[PDB]
Amino acid sequence: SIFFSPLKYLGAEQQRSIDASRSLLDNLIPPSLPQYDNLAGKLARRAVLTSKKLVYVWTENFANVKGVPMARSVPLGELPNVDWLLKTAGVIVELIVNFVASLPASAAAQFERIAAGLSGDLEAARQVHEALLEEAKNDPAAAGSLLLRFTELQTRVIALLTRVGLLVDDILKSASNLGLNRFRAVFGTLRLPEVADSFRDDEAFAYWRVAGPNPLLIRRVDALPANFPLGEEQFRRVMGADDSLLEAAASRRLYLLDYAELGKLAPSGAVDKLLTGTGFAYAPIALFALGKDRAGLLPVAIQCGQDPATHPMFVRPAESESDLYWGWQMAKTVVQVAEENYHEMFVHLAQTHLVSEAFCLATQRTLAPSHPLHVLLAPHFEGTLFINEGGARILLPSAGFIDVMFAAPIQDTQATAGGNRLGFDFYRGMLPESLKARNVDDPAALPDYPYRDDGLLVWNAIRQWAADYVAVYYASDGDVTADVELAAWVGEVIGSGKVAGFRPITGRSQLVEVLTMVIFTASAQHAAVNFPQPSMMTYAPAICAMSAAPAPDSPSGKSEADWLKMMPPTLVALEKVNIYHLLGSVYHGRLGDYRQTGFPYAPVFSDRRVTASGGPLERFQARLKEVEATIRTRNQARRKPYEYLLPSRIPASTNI
Ligand SMILES: CCCCCC/C=C\CCCCCCCCCC(=O)OC[C@H](COP(=O)(O)OCCN)OC(=O)CCC/C=C/CCCCCCCC
Ligand SMILES: [Fe+2]
Ligand SMILES: [Mg+2]
């Protein structure tokens with residue numbers, strides 16, 4: 001049929017090239033609020049939004065994450081560009097080569113030729129990338145026509161990653177078939193993280209609470225909870241004869257970790273799995289204290305569960321107390337098991353990735369491409385829909401990485417992470433509110449808290465940027481409430497996005513706070529909780545989301561053998577070292593850059609009022625450079641550098 005004529009030669013590659021070029025053409029349209037657009041503009045933007053709703057589609061029945069608002073599928077223009085594809089393929093291929101090289105030669109035989117070919121093709125692809133960028137710099141006038149060759153390279157790297165996918169599945173099909181030496185052996189040629197040397201140290205263990213992957217749970221305590229019955233004699237055994245619970249509470253020196261919210265991620269008993277044997281996890285309570293000099297936090301006491309009737313109190317022992325040493329190491333391991341569950345499922349997956357999913361969808365469906373807030377927000381969602389589909393499909397099915405690495409049955413893990421996302425309150429989850437609610441917002445009381453102090457620098461810089469940008473387009477609160485696209489966006493965020501606590505936006509100040517939280521969550525918050533993975537979470541003895549043995553049943557009389565029984569099977573350690581290396585090794589885009597991350601790396605902003613010398617954008621960029629210098633200076637004085645919130649290391653979006 002002559003009506004099939006358009007379909008005869010049309011493929012995904014042509015369509016991607018068309019999308020890529022049309023994006024550049026649409027970036028030049030000057031942005032406007034709907035009520036200030038002309039009638040032709042109102043008509044065109046309404047038509048485009050209606051079309052966008054065909055391809056950006058909400059579902060709450062996405063595979064392996066039921067109940068969580070998700071994109072039904074990833075639109076063509078939301079696949080990662082070739083810069084992200086090469087970086088990620090590079091990391092995965094290198095990890096495969098490293099793994100295969102550690103297998104016995106007879107086992108490696110199944111994979112080594114295929115991995116060598118992938119490694120060769122990847123090097124070829126990088127050479128092409130370098131050469132295309134060489135040609136663009138040599139003949140800038142013809143750079144528009146090079147976009148097509150970049151699109152062709154994208155096709156090639158997509159195909160390579162598809163073949164990597166098959167190889168990884170072939171490896172996992174044979175996983176089973178394929179005393180701390182084993183936890184080093186799984187690294188192969190990779191260097192062990194610094195935590196491997198320090199993990200037994202009590203002060204190191206405490207520092208995780210303020211400078212680790214989960215800086216969000218620690219809170220000041222003024223009176224101990226009824227279900228944590230620590231006595232004064234016990235407290236003085238650790239803190240000295242001239243201290244007391246009363247004195248330490250009054251002087252703001254007591255801090256509590258309580259993992260009650262883990263729910264079914266802390267199974268009530270043993271969970272037996274075919275691939276990993278018998279596994280346990282916990283919802284413990286731990287007390288930390290500052291010395292009177294506030295030099296640093298010290299762990300005082302640990303109860304390995306919520307009910308003191310069934311969980312005895314473990315109190316930090318003196319160095320001489322050899323009979324109490326191993327029970328204490330076991331109690332610390334219990335807390336670290338709770339930590340990987342809480343961090344990965346709640347702080348990372350639920351509260352960054354799965355929140356940003358909803359703001360991405362709302363933004364594409366309700367704010368027109370010519371809306372200044374679409375222009376501002378879209379760079380902060382680059383690669384988000386893609387990486388989250390990856391999470392749901394690759395990491396969360398039965399026998400996948402999360403079923404292996406986390407103790408709970410996979411259905412309970414899926415449901416509990418989902419429930420956490422649905423319960424997460426947007427306003428209460430903002431950094432300054434989080435700090436205030438937990439009473440850890442005062443540097444006099446708790447001086448060494450790098451997440452707070454570096455985090456507030458970035459939060460406030462973003463806030464001032466959102467204020468400057470809003471002020472370009474919205475002259476009054478009436479302009480906010482007159483914006484029909486913003487009102488629709490809020491409607492979808494509440495109704496389809498199910499973001500708890502979200503509310504109508506009725507003025508400029510509130511709009512600024514909302515935008516600050518959206519941008520911070522997409523960029524800095526994700527960076528702070530994602531990029532510690534390779535340096536802090538790759539070594540199983542320092543942290544793992546399952547234990548192979550129950551919590552210690554008594555503080556006294558444990559041996560090294562008792563503690564070793566908690567260590568996970570080698571398969572768990574193998575999946576752990578590889579996934580956490582990958583997820584923290586891809587830095588794609590940078591907060592404040594505001595250029596496309598794919599060729600031709602054009603400016604995000606065309607409006608002269610935004611891009612003016614010394615204007616809103618330049619003020620944000622210069623502020624981030626000051627923040628960078630400030631943090632570098634702080635890290636010279638810190639016991640350990642905390643680098644995760646350096647702006648040079650914060651991607652603009654959540655894409656890994
Ligand atoms: C774990 C807790 C994380 C929680 C946070 C989750 C947040 C979202 C992160 C989502 C990340 C999604 C995971 C993929 C991220 C990589 C980016 C990506 O898009 O990968 C594309 C390819 C192809 O896709 P496809 O659909 O065609 O076929 C999937 C397999 N049937 O997938 C992979 O290579 C699987 C790599 C698995 C990791 C292998 C590690 C190295 C292998 C070394 C040897 C293996 C030794 C065992
Ligand atoms: Fe991530
Ligand atoms: Mg228990």
Exercise. In segment 152-185, which residue that is in a loop (DSSP other than H, G, I, E, B) and either closer than 25 Å to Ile387 by Cβ or among the small types (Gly, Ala, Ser) (or both) is nearest to ligand 3 (Cβ to nearest atom)?
Worked result: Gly179
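Condition first: of a type in the set (A, V, I, L, M), farther than 27 Å from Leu457 by Cα and buried (at least 19 other Cβ atoms within 10 Å of the Cβ). Can you find one or more residues in segment 575-594 that meet it?
yes
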For this session: Please determine, by comparing only the residues of segment 291-325 that are within 16 Å of ligand 3 (Cβ to nearest atom), of a type outside the set (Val, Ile, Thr) and part of a loop (DSSP other than H, G, I, E, B), which one is surrounded by the most Cβ atoms within 10 Å (Cβ to Cβ).
Result: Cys304
Problem set entry | Subset of segment 185-210 that is surrounded by 14 or more Cβ atoms within 10 Å (Cβ to Cβ) and of a type in the set (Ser, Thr, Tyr) - its residue that is farthest from the chain's Cα centre (by Cα) | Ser198
Exercise. Here are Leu49, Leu43, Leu54, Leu103: which of them is of a type outside the set (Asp, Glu) and either within 16 Å of ligand 3 (Cβ to nearest atom) or surrounded by 18 or more Cβ atoms within 10 Å (Cβ to Cβ) (or both)?
Worked result: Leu49
Exercise. Quick check: is even one residue across segment 548-566 within 12 Å of ligand 1 (Cβ to nearest atom) and surrounded by fewer than 22 Cβ atoms within 10 Å (Cβ to Cβ)?
Worked result: no
Problem set entry | Yes/no for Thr597 being more than 30 Å from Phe406 (Cβ to Cβ) and within 16 Å of ligand 1 (Cβ to nearest atom) | yes
Problem set entry | Sole exception among (1) surrounded by fewer than 17 Cβ atoms within 10 Å (Cβ to Cβ); (2) assigned to a helix (DSSP H, G or I) for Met517, by number | (1)
For this session: Answer yes if at least one residue in segment 207-216 is hydrophobic (A, V, I, L, M, F, W, C) and over 22 Å from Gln336 (Cβ atoms), and no otherwise.
Result: no
For this session: Would you mention how many residues in segment 252-278 are among the polar types (S, T, N, Q) and surrounded by fewer than 17 Cβ atoms within 10 Å (Cβ to Cβ)?
Result: 2
Exercise. If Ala487 satisfies every condition in (1) farther than 21 Å from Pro213 by Cβ; (2) touching an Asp or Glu at 6+ places or on another chain (Cβ under 9 Å); (3) not aromatic (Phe, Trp, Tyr) but one, which is the exception?
Worked result: (2)
For this session: Kindly check whether there is at least one residue in segment 330-347 that is surrounded by fewer than 23 Cβ atoms within 10 Å (Cβ to Cβ), closer than 30 Å to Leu515 by Cβ and within 16 Å of ligand 2 (Cβ to nearest atom).
Result: yes
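Is segment 364-379 home to any residue that is in a helix (DSSP H, G or I), within 16 Å of ligand 2 (Cβ to nearest atom), buried (at least 21 other Cβ atoms within 10 Å of the Cβ) and not aromatic (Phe, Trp, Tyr)? Full working, then the answer.
Step one: filter segment 364-379 for residues in a helix (DSSP H, G or I), giving 364-366, 372-379.
This time we only want the ones that are within 16 Å of ligand 2 (Cβ to nearest atom), so: none.
For segment 364-379, residues in a helix (DSSP H, G or I), within 16 Å of ligand 2 (Cβ to nearest atom), buried (at least 21 other Cβ atoms within 10 Å of the Cβ) and not aromatic (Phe, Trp, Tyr): absent.
Being at negative phi and away from ligand 3 (no atom under 16 Å from the Cβ) is true for just one of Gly383, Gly400. Which residue is that? Outline the logic, then answer.
On the way: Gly383 fails: at negative phi.
So the residue among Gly383, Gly400 that is at negative phi and away from ligand 3 (no atom under 16 Å from the Cβ) is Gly400.
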Seminar exercise, completed: Expected output for segment 569-581 (first residue among the β-branched types (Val, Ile, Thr), partner near ligand 1 (Cβ under 10 Å from one of its atoms), Cβ below 7 Å, 6+ apart or cross-chain) is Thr570/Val186; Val572/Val404; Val572/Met405; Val577/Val186; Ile579/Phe401
Problem set entry | All positions within segment 104-126 that are more than 10 Å from ligand 1 (Cβ to nearest atom) and aliphatic (A, V, I, L, M) | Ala105, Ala107, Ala108, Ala109, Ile114, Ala116, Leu118, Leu122, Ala124, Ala125
Exercise. When you go through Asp26, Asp83, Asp37 one by one, which is the residue that is over 21 Å from the mean Cα position of the chain (by Cα) and under 26 Å from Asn388 (Cβ atoms)?
Worked result: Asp26
Exercise. Looking at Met330, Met405, which one is of a type outside the set (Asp, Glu), out of contact with any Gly (no Cβ under 7 Å at 6 or more places or on another chain) and over 24 Å from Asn578 (Cα atoms)?
Worked result: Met330
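A quick yes/no check of all residues on (1) more than 30 Å from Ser32 (Cβ to Cβ); (2) of a type in the set (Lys, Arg); (3) in contact with a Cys (Cβ under 6 Å, 6 or more places away or on another chain):
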residue: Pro541; (1), (2), (3): yes, no, no
residue: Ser547; (1), (2), (3): yes, no, no
residue: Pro550; (1), (2), (3): yes, no, no
residue: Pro568; (1), (2), (3): yes, no, yes
residue: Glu575; (1), (2), (3): yes, no, no
residue: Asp593; (1), (2), (3): no, no, no
residue: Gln596; (1), (2), (3): no, no, no
residue: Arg619; (1), (2), (3): no, yes, no
Problem set entry | For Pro31: the one exception among (1) under 30 Å from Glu112 (Cα atoms); (2) more than 16 Å from ligand 2 (Cβ to nearest atom); (3) in a loop (DSSP other than H, G, I, E, B) | (1)
For this session: Answer with yes or no whether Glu344 is touching a strand residue (DSSP E or B) at 6+ places or on another chain (Cβ under 8 Å) and either of a type in the set (D, E, K, R) or within 16 Å of ligand 3 (Cβ to nearest atom) (or both).
Result: no
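Could you grab me the full set of residues in segment 562-590 that are within 12 Å of ligand 2 (Cβ to nearest atom) and not aromatic (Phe, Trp, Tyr)? Quick ask: steps written out before the conclusion?
Initially, segment 562-590 is screened for residues within 12 Å of ligand 2 (Cβ to nearest atom), giving 579-580, 582-588.
Across segment 562-590, the qualifying residues are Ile579, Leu582, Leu583, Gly584, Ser585, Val586, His588.
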Exercise. Can you tell me which residues in segment 302-354 are touching a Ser or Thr at 6+ places or on another chain (Cβ under 8 Å) and among the β-branched types (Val, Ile, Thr)?
Worked result: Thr333, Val334, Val337, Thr352
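None of the figures in this text is laboratory data; all of them are computed from the coordinates on show. All Cβ positions, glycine included, derive from the backbone under ideal geometry; neighbour counts span all protein chains shown.
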